[PDB]
Structures are given as C-alpha cells and as structure tokens.
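Q: With the input below, show me the fold.
(2 chains)
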Amino acid sequence: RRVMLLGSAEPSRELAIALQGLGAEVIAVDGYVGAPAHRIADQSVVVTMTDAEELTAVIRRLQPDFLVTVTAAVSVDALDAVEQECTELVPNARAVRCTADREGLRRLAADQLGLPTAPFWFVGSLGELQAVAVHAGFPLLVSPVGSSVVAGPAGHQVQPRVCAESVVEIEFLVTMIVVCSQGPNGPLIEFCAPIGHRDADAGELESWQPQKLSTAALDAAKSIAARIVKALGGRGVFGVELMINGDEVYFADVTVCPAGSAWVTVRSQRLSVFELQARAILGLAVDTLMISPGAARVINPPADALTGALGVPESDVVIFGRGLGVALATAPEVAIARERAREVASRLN
Amino acid sequence: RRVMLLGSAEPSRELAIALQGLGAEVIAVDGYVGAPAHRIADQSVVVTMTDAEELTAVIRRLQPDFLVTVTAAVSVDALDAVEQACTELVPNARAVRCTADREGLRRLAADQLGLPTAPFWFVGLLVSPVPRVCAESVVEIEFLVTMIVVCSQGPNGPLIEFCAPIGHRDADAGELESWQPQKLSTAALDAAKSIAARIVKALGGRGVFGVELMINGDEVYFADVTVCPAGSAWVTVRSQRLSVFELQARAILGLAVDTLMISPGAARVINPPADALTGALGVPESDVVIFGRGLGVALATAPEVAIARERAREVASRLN
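A: Residues are numbered from 1 along each chain as shown, chains lettered A, B, ... in the order given. Let me share the structure:
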C-alpha cells in the first residue's frame, strides 16, 4: 500500500507519520530539496509539481495506490490525466479544481447549491463597481479576483475581474471539519465539533474547540458543510469555513487540505485531523470523538524558552524549523484552554 | 539539541517522533542496516553496540547532547566512560548496569532496600538459570502490574510522577494483553507507590522507569524494573494524555510532565492485509500500530476497562 503526497510542508509530515502507523509506505513529493515530509518519508521526490509533463511522468513511473494533493501549487491538469483503475485520487481532481478556482467555488456555493453567503459581485469595469456601490451601500470589500476596504464613495428602494463583497457583522469564524471515508459498512460522513479561530496579537493564528453554537446555528452549519462537501464528492477531509452571527451562518470557503486551525485537534480529539485524513485516504472507519476542550496558537526553539512553555499545565508544543511552531493546551474549559495556550505561546515567542 | 538513541526498534521509533515534535535532532544507532527508527531519524548509524571500542568512537565523533539507551545489548563499560568525561545520559549508566545484572538488582531490591519480593535463593519452587542458579518460592498472584515512574525536571526542579497502574498478562494466541487503570485497594496502591518510588530513587537520574509488581489483594511484591519502555506501556499511546514515549521524550530533555489519563484502555501486542484493517478499525474507539515482521499493536479505549479489553480483543482477532 503506497500513498503519494503532493506537497511536503509541515501537515504533510504529520499525515505521513499517521499513514505509516497504519502500515503504508509514503512517497513525499515537492519542488525543493529539504522539505519537511522528505525527512521521515519512505521515498522522497523532487519535481516542479506545477509542471504537467514533469509531474505526470513522476506519477507514471512510481505508480502509487493513492494520490493525495496536500498543496495548492499543483498541476490540476496533470491530476485529471491520472484520473483519466491504477490509482485513486484522494481528494478527487474535481475537488482540487473546484476549490482552487475562487470565482467558480463561490458560484458553485451560492448559485448551484443554494448556500448562504455574504452578498458579492464580480466586476470588470470601474462602471460595474460604480453600480454595486450605489446598489449595495457601504462598506464594501473590493478585492482582486491586496484586499482594500471600500468604506465610502439609490434614490428609490425599487431601483481582469475584481470581486466586491458586502460586509456583514460577524461573531465567530468557525472551521467545520468534514470527514468522508468508508466504514466496515460503506460510506461515512462525520462532522467534527466546530473549531473557532481568529488572528491574534503577534500575527499568530488562534483556534479552539469546541466553539459553542445555538441549535439553529449548528443545524445551519452542518447543513451547509454537508452540502458543499457532497457536491465535491470523493473521500477526504474537508475544512469548511463559516461566519457566524448568532443564528446566521455564512459560507466563506472550503479547503481540501488540513487548515491551520485544525492543529488544535492534535490534542483535543481522539483522532487528529491528520489521523482522520490518513484513515480517509485509505478508506477506513473514523469517529470524531473529542478528548477535551483545547486551544492552539500557530506562530509564523531556545532551550530556556521550551522549559518555560511546558511548565503550563496540560500543554504541548510542535517545533518545526524557522519561525514555525504550534502551542497547544487542553483544559476542562475552552476559556482555560485558550489562556494556557496564550501562556505557552508567550513563553515561546 | 541532539539526542542519540542506542537501539533502533519499534519503541525507539515512537520516542524519536516524540523528540522531533519537541524540536530535537535524533541519531538512531543500531547493529544492522534497516532498523525501524533509522527510517525517520535525522541521522542513522550502524555499529556493534556491545563493542566498547566501536561504540565509544561513535559517541566521541558525533558528540550528542543526550545519550539514551533503549536496548539492553549495549556496552555498559562504553557508557560509564561517557559519564566520566559534554553529554547527559537518560537513563544514567548506574541504572543501565544495575538493571541488566539480574542477580545484583534482586539483591539491591531485597537486601539494600528493604523491598518485599518472593522468597529467592541463588545456588551453585521455580528453578531458573541465573554458575549460579536462582531458586524462587512460588506465591499466589492476582495481577501482574506495571508501575510507570517518570523522573524529570519541572519549571521548579525535580519531578517524580506515577502513572496509573497498568495491568498485564499473557493472553490467547501468544498476545500480550495490557490495560489501564488496574484497580488497587488503598493499601495495595500505597505499597505499590512506595516500592516503585524506592527502587527508582536508588537508581537515580532522569528517565522513565517501568516497575514490575505482583499483587494478591493486600500484598505487593517487587519483581523487576526496566529503564526501557515496556511492552505493557503501549496502552498509554491512547489511554494517557502523554504516552510513555512522550513522557520519555520530555524526561530526556528535562521538561515538565503530568500523568493524566484520557480514558480507560487496553492493548494487545501481537508477535497486514487491507481487509484486516477495515475490519479491525470498525470496532468503536479503536486504533492500530502496524510495524515490523508481523509486529502490531491493537488498541481500544472505552468508559470502562472491561469494554476496553473486549474491544481490543476484537481488534486483535480481526487482525491476526
């Protein structure tokens, strides 16, 4: 059983450990020579993965049982070549293509599915912008298809590309991790507990699990998460990005790769997002049981700093090279778990 | 920060992962070419580890910050020289020597310390080869129990932590079965901590120690201690917040530890087809660790040890 990982960054390494515990040989592919998953993989490969010819030869020679796309820098055309009884793609070349095309994924979510999003318009003129502002009002979020905030410049109520978004009030950003595998009885679709996340003080990301939601908010979230994921199809672990304001839930995005916010799961769930995606790739049963509330801080290791960081109760750390590290804590409550993680991170950075 | 592992087998691999999560480069040393920790280590080394000359040159050239002895086939004479000259040993050489000398460890436990053991005699009943030959009186036993003792430094100096007792026994098809926690009476648990703590402090140094005991209601007997992660410790990979390997990674490096339990659990060490895993991972709260030339660990957790053992039985059965 041979799995091939397109991408060899930090989560590619943990996934590779996970897959090796379950008995699989892993090939780690990337562009440069010293990539993280190269060090512990069974076989390392260097190719400009953004090269449809060069990538496709590599896949034909090695001929892996499973082809896992863990990065965004990849030839989607090369992947559809391989799809077009020798290798299962997990995720599908469909999902890889849909989620790298930002325009097409929004239009898939809001138009084909009836998913609720923040009002958005794709323009291609100045005049197109002019209308939207008159129609939509302020503030707007003009973004290339950096992201400027058009916060200023209809007489009656009955009245390349650049993306315009109306701005909505938001309480929480939330990551819904959806897992699609096979069980001993066929297809499984599992939901993790909502993961709350946000940008923190020193340019770090903070996450925590579980984020509490109302019944109506949680029903909406499962519904939205489940529907975008079934449209993509195939086995895999999907991170579905949502915006929440009390009862309202908005679709923002989905990634076929383990999000930075998922790092909390390494300590807060029985099976981490990496153990889940190892099992999903290989078509094995999964559950989404939680160990305990937790929080994480992704920073972007002096001997003194480590000693101090691990002095914080129920804490853990994942050191990764230059400027990359994860601070982790668990606790009987999310609030304690976030305070401990901020302590771990503070003693570390 | 560079740790060197004497021994490169399956537990040496998990310890190596653990140490790499905490930021350390690991050198895996063993006798043969394809050893398990070689595959994911940062640097691999092949040497005859019982050769004091050959081993000692290897340690002098590489010059690691920490020297960890994970196997028993190692030159203790080569090891004592490293403590006499740049490099911290976890575990310490005193411990490596005492626990490989079976006669001297018994005499240390029963004579110098006043530890209770089964009556024993060395001559020159359970007659066993120790030359000398060891004679033991046979006592009634309820449970075999592993007491995992952890010695590290915290942010406030020395720590000595006890894990929850691990029960273990030989089960069917040659599998070793373990489970955590094993319930003990107050008097039994007081005895066990006392015995575990006393043999470990006599060895000294940082490390993770497995202390073997025999239990019959009230009475606790010392049977053995190892400076290496016992096969019965495998249950901790899922039953404790920090597995025996994460604890020994933290102990080697002198970091704080705790011994919190996630949930009751059980394990079965067997000594791997796709349908075997599909069927095996269908058991609730189950996990597997595949190695090896047939080596595998079946794991389950549950709200009760009894369910956790039945699930692990099932996982192992669907796997074997």
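Q: Not counting its neighbours along the chain, what's nearest the closest residue to chain B within the stretch 51-200 of chain A?
A: Closest to chain B within the stretch 51-200 of chain A is residue A:184: 3.4 Å, counting by Cβ to the nearest Cβ. Just so you know, the C-beta spots here come from the backbone N, C-alpha and C atoms, and that holds for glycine as well. Counting by Cβ to Cβ, 6 or more residues apart in numbering or on different chains, residue A:184 lies nearest to residue B:282, which is 3.4 Å off, once chain neighbours are set aside.
Q: which residues touch stretch A:55-65?
A: Where contact means Cβ atoms under 8 Å, 6 or more residues apart in numbering or on different chains, the residues beyond stretch A:55-65 that reach it are A:1-4, A:6, A:27, A:29, A:43, A:45, A:47-49, A:67, A:74-75, A:78, A:81-82, A:86-88.
Q: List only buried entries from the residues you listed.
A: A:1-4, A:6, A:27, A:29, A:45, A:47, A:49, A:67, A:74-75, A:78, A:81-82, A:87-88 (16 or more other Cβ atoms under 10 Å in any protein chain shown).
Q: Narrow those to those in helices?
A: Counting by DSSP state H, the part of the buried ones among the contacts of stretch A:55-65 found in helices is A:78, A:81-82.
Q: quick one on the thing from earlier: neighbours around the residue of the stretch 51-200 of chain A closest to chain B, how many?
A: 15 (other Cβ atoms under 10 Å in any protein chain shown).
Q: need the contact list for it.
A: Contacts of residue A:184 by Cβ under 8 Å, 6+ apart are A:285, B:278-279, B:281-282.
Q: what helices or strands is the top strand by length along chain A leaning on?
A: Ranked by number of residues, the top strand in chain A under DSSP state E is strand A:172-183. Contacts defined by 3 or more Cβ pairs under 8 Å, 6 or more residues apart in numbering or on different chains; DSSP states H and E place strand A:172-183 against strand A:186-191, strand A:195-200, helix A:215-232, strand A:236-245, helix A:273-282.
Q: Output these as a markdown table; include the columns mean neighbour count.
A: Below are the helices and strands packed on strand A:172-183 laid out as a markdown table (neighbours: other Cβ atoms under 10 Å in any protein chain shown):
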| stretch | mean neighbour count |
| --- | --- |
| strand A:186-191 | 14 |
| strand A:195-200 | 19 |
| helix A:215-232 | 18 |
| strand A:236-245 | 23 |
| helix A:273-282 | 26 |
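Q: between the longest strand of chain A and strand A:195-200, how big is the angle?
A: 140 degrees (axes from the mean of the first three to the mean of the last three Cα atoms, to 10 degrees).
Q: Give the buried residues for whatever helix or strand residue A:57 lives in.
A: Under the criterion of DSSP states H and E, residue A:57 resides in helix A:52-62. Across helix A:52-62, burial judged by 16+ other Cβ under 10 Å covers A:52, A:55-56, A:58-59.
Q: Then stretch A:19-39?
A: A:19-24, A:26-30, A:35-39.
Q: between those, which is nearest chain B?
A: Nearest member of the buried residues of stretch A:19-39 to chain B, counting by Cβ to the nearest Cβ, is residue A:23, at 3.6 Å.
Q: quick one: secondary structure of that closest one?
A: coil (DSSP: H, G, I helix; E, B strand; the rest coil).
Q: what's near enough to touch residue A:176?
A: Taking Cβ under 8 Å, 6+ apart, one finds A:191-192, A:194-195, A:221-222, A:224-225, A:239-242 in contact with residue A:176.
Q: returning to that earlier point: in strands only, show me the buried residues of stretch A:19-39.
A: Applying DSSP E to the buried residues of stretch A:19-39, the entries found in strands are A:26-30.
Q: what about residue A:164, which SS state?
A: Secondary structure assignment for residue A:164 (three-state DSSP): strand.
Q: From chain B, how far off is the residue nearest the centre of chain A?
A: In chain A, the C-alpha nearest the mean C-alpha coordinate belongs to residue A:259, at 2.9 Å (Cα atoms, centre = their mean). Going from residue A:259 to chain B by Cβ to the nearest Cβ, to the nearest Å gives 20 Å.
Q: That residue reaches residue A:239, doesn't it?
A: Yes: look at residue A:259 against residue A:239 with Cβ atoms under 8 Å: they come within range, at 4.1 Å.
Q: So for those two, which residues contact both of them?
A: With Cβ under 8 Å, 6+ apart, residue A:259 and residue A:239 have common neighbours residue A:175.
Q: Run a quick neighbour tally on residue A:263.
A: Residue A:263: 29 neighbours (other Cβ under 10 Å).
Q: contacting residues for it?
A: A:207, A:273, A:296, A:298, A:318, A:326, A:328.
Q: which ones among those residues are found in helices?
A: Counting by DSSP H, the part of the contacts of residue A:263 found in helices is residue A:273.
Q: So which of the contacts of residue A:263 is the closest to chain B?
A: Comparing the contacts of residue A:263 against chain B with Cβ to the nearest Cβ picks out residue A:318 as the nearest, at 5.1 Å.
Q: Return the residues in contact with the closest one.
A: A:263, A:266, A:325-326, A:328, B:21.
Q: And the strands in the stretch 1-150 of chain A?
A: A:2-6, A:25-30, A:43-46, A:66-69, A:88-89, A:120-123, A:143-144 (DSSP state E, counting those that start in this stretch).
Q: contact partners of stretch A:146-154?
A: A:129, A:133-135, A:138-142, A:164, A:167.
Q: Only the C-alpha atoms, please, for it, written as CSV.
A: Coordinates of each C-alpha in stretch A:146-154 appear next as CSV, following Å, rounded to 0.1, in the frame of the first residue of the first chain:
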residue,chain,number,x,y,z
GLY,A,146,-4.4,43.5,-1.7
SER,A,147,-7.9,43.4,-0.3
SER,A,148,-8.9,47.1,0.0
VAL,A,149,-12.0,48.1,2.1
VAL,A,150,-14.2,50.3,0.1
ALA,A,151,-15.8,52.0,3.1
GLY,A,152,-17.1,55.1,1.2
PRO,A,153,-17.6,56.7,-2.3
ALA,A,154,-30.0,54.5,-4.7
